[PDB]
Each structure stands twice: as C-alpha cells, then as structure tokens.
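K.L.:
Sequence unavailable; structure follows:
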C-alpha cells in the first residue's frame, strides 16, 4: 500500500487504496481554503443532496469541485458505492488525513499557524477541544477518521469510547470504528493485541478539557483594565 510502497495487480473497500485514488485525482487542486469550506459545510451538503434526485453530484467548496455519489436522496439510499467513489463521509476522512499530511510536511511554525488558524473542526470546538490539544486528536473529531485508526493513533475509536463511558453516546455508534483495520491488523486481531495502545489513547482523550473561553461580556470588561484577549 501507500505506507510500505508495495503495489499489486488489480474486493472489499480499502480506505488506504481509496485515499491513494483520491490523492491521484485531487491533490493538485486542493488548498486549505477549500478544505476549510468543506468542513464548515459538510452537513449542509448532505442536506442539499437529500433533495436532489441525481445519483451523483458535483458540489463545489471554495474553488474546488468534486464528484460524489448521492446516497442522501431517499430514492438513492440503496445504490452501490464503488471503492474509488466519494461520499461526503469518505471525503471528510480523506480531507482530515490530507490536513494531517499538510501539517507533517514541514515543521516551520508558519505552516502550523496557517493550518491551525484556517482549518476549523466544529465538532471538536463544540466540545472545548482546539488545535492546542495536538493535530491527530483534534482532527480525530471529524467524521470519517475512523477509516485510519493507526494514522490517528486510535483517537477516532477512543473518543467514542470516552463518550460511551460518559453516557454521551449509545454504544451502538461504536460499531463503525470497531469494524475497521489498524494498519495490517483486522479488528479481531487488534481488539485482542492492542488493548494497551488503546488504553493509552483513551487516557489522552480523558485528559482533554471537555467543555470553553471567557464570555464576550467578560472580555469587554477586562479590556477596561488593559487586558486584551
């Protein structure tokens, strides 16, 4: 695959092969502005697709246009999804990984500041979690990141485990993450072999500041005392 650079002759959905295909087709036309717009508008895009009868559609986010399968219109819910096809959910996962790749591309502080100020994760932010928590953990609040459990250091799973433990989520919602691979390991194999790694990941999640900042009224008050925020 993409990590060991081993290639094969041309079965089930493999998110690593899906990500490769996505990158071949889209890497050149992606930019941070477009990806920011995507993440701010993913849910709205699903809503919009839900009243469009066409089996495929071509939403545009900023300057970047992309073809997706429309599984949101009720008449289309059954239609098969191809391994190289894009859905809003798959795109969310692929773009979260693309943002991480951008972050890891170099360690200049300007790169990190650009990414931290441009990409917003509304789900993370709604929970009191910002970029300061770490890039993998921040990005793991995005839908679709469960496709890449090793990449995201088990956080797409352990966020869900934490939520269940806190009574914030029905255990059934864990089913998606629990079906995924971890690198080369199948779910049966990592559930058996990676308990320590997952526990370590969960502790990272438990230590997040689940909650937020000072109010506008408080900030205005504090400015009267020469405190600018």
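P.N.:
Arrived safely, thanks for sending. Residues are numbered from 1 along each chain as shown.

K.L.:
Would you mind pulling up the elements that the helix or strand harbouring residue 159 packs against?
P.N.:
Assigned by DSSP states H and E, residue 159 belongs to helix 155-165. Where contact means 3 or more CB pairs under 8 Å, 6 or more residues apart in numbering; DSSP states H and E, helix 155-165 is packed against helix 175-178, helix 195-206. (C-beta placed from N, C-alpha, C; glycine too.)

K.L.:
how far off helix 195-206 does it point, in degrees?
P.N.:
70 degrees (axes from the mean of the first three to the mean of the last three CA atoms, to 10 degrees).

K.L.:
contacting residues around helix 155-165?
P.N.:
For helix 155-165, contacts defined as CB atoms under 8 Å, 6 or more residues apart in numbering pick out 136-137, 140-141, 145-146, 148-149, 169-171, 173-174, 177-178, 180, 198, 201-202, 204-206.

K.L.:
In contact with the most centrally placed residue in the chain, which residues?
P.N.:
Per CA atoms, centre = their mean, the C-alpha nearest to the average position across the chain is that of residue 142, at 3.2 Å. Counting by CB under 8 Å, 6+ apart, residue 142 touches 39, 92-93, 95-96, 121, 123-124.

K.L.:
Backbone dihedrals for residue 60, please?
P.N.:
Main-chain torsions, residue 60, degrees, to the nearest 10: phi -120, psi 130.

K.L.:
what bridges to it?
P.N.:
In this entry, residue 60 is beta-bridged to residue 65, by DSSP bridges.

K.L.:
residues near residue 30, how many?
P.N.:
22 (other CB atoms under 10 Å).

K.L.:
contacting residues for it?
P.N.:
Contact partners of residue 30, counting by CB under 8 Å, 6+ apart, are 64, 95, 98.

K.L.:
Could you find the closest non-adjacent residue to the first one?
P.N.:
Nearest residue to residue 64 in three dimensions, chain neighbours excluded: residue 34, at 3.8 Å (CB to CB, 6 or more residues apart in numbering).

K.L.:
measure stretch 129-149 end to end?
P.N.:
19 Å (CA to CA, to the nearest Å).

K.L.:
Give me the buried stretch members for that stretch, please.
P.N.:
129-131, 133, 135-149 (16 or more other CB atoms under 10 Å).

K.L.:
same check, this time on stretch 161-176
P.N.:
Going by neighbour count (16+ other CB under 10 Å), the buried part of stretch 161-176 is 161-163, 174, 176.

K.L.:
for those, which one is nearest residue 80?
P.N.:
residue 176 (18.7 Å; CB to CB).

K.L.:
Residue 51: what's it in contact with?
P.N.:
Taking CB under 8 Å, 6+ apart, one finds residue 73 in contact with residue 51.

K.L.:
For it, which three-state class applies?
P.N.:
Under DSSP: H, G, I helix; E, B strand; the rest coil, the three-state class of residue 51 is coil.

K.L.:
can you pull out the helices in this protein?
P.N.:
All helices of the chain, identified by DSSP state H, fall at 15-26, 32-49, 88-105, 109-118, 122-126, 135-139, 155-165, 175-178, 187-193, 195-206, 216-223.

K.L.:
Which of the ones you listed sits closest to residue 81?
P.N.:
Across these, closest to residue 81 is helix 88-105 (CB to CB), at 8.4 Å.

K.L.:
chain center to that closest one: distance?
P.N.:
In this view, helix 88-105 has its centroid 7 Å away from the chain centroid, taken as CA atoms, centre = their mean, to the nearest Å.
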